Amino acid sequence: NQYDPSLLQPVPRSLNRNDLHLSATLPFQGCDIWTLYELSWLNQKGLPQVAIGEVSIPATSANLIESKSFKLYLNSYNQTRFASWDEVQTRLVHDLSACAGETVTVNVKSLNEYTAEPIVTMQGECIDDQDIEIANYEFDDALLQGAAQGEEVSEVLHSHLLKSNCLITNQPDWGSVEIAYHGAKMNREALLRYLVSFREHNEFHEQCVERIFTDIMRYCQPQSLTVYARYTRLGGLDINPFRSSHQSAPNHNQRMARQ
């Protein structure tokens, strides 16, 4: 029951990126922001410690980290004595960086750092309140065909209706997604239908955001695009992939209502 870095399992980003027909020179920059709600270990005297971990994995890393393996790796801390909070931080940076293949950022935060922090919603216009009929739940990226026919705009849209089925467990993925762009104005009905069409599609959170980014790019051809999704946790860990034309990281990391 002791600390065991061998439990981490990398998954290469190249599998789905090749399925999206991306080259190794990526159309986006960004990162996967993870929240570790259940981080716990023993101090040097055996007294339990609890914290929330905030992790950022660069989107250029060769691998993402499979979430269940990440949970089991964290559970291996639970019965292990560490000298200090700094030692825990150091071990997390080392093991997560080795797994992902690029340096990962890790903040280990005491629970009192969250007291009185507010829940946030996303920015700009919510596209969800449309009186439309959904006839089927098949994924269809052609729902975006001709979706960006309007005048040149810069705007931020979001939806709370993103759902997909997790590839390896068949359990539901729940997310909110924010889309900021400069380009021909997007048809809201087409964008909503496209997102709803993920509902029974097998996905990982990271690849779903990459698919949304690359489908919007190809069908809607904005000049600038940022897609940031915030998913509910699975097994005590959540993932918030951020992909952008121009931005390396989001300027905010705050929890939403279902997270």
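All residue numbers refer to positions in the sequence shown, first residue = 1.
Trainee: Given the B-factors recorded for C-alpha atoms, which segment has the greater mean, 216 to 224 or 23 to 31?
Mentor: Here the higher of the two C-alpha B-factor means belongs to 23 to 31.
Trainee: Going by the mean C-alpha B-factor recorded in the entry, which is higher: 164 to 172 or 122 to 130?
Mentor: Looking at the recorded C-alpha B-factors, 164 to 172 comes out higher on average.
Trainee: Which of these has the highest Cα B-factor in the record: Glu66, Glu210, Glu200, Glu54?
Mentor: Most elevated C-alpha B-factor of the set, per the entry: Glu200.
Trainee: So among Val88, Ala147, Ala184, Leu72, who wins on Cα B-factor in the entry?
Mentor: Largest recorded C-alpha B-factor: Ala147.
Trainee: State the tercile, meaning the lowest, middle or highest third, of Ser245 with respect to the CA B-factors recorded for its chain.
Mentor: According to the entry, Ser245 has a C-alpha B-factor in the chain's middle third.
Trainee: Please place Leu234 in the lowest, middle or highest third of its chain according to the CA B-factor in the PDB entry.
Mentor: Its C-alpha B-factor belongs to the highest third of this chain's values.
Trainee: Can you work out whether the C-alpha temperature factor of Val93 puts it in the lowest, middle or highest third of the chain?
Mentor: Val93: CA B-factor falls in the middle third of its chain.
Trainee: Thinking about Cα B factors across the chain, which third does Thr80 belong to?
Mentor: Within its chain, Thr80 is a highest-third residue by C-alpha B-factor, going by the deposited values.
Trainee: Taking only the Cα B-factors deposited for this chain, tell me whether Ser61 sits in the lowest, middle or highest third.
Mentor: CA B-factor rank for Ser61: lowest third.
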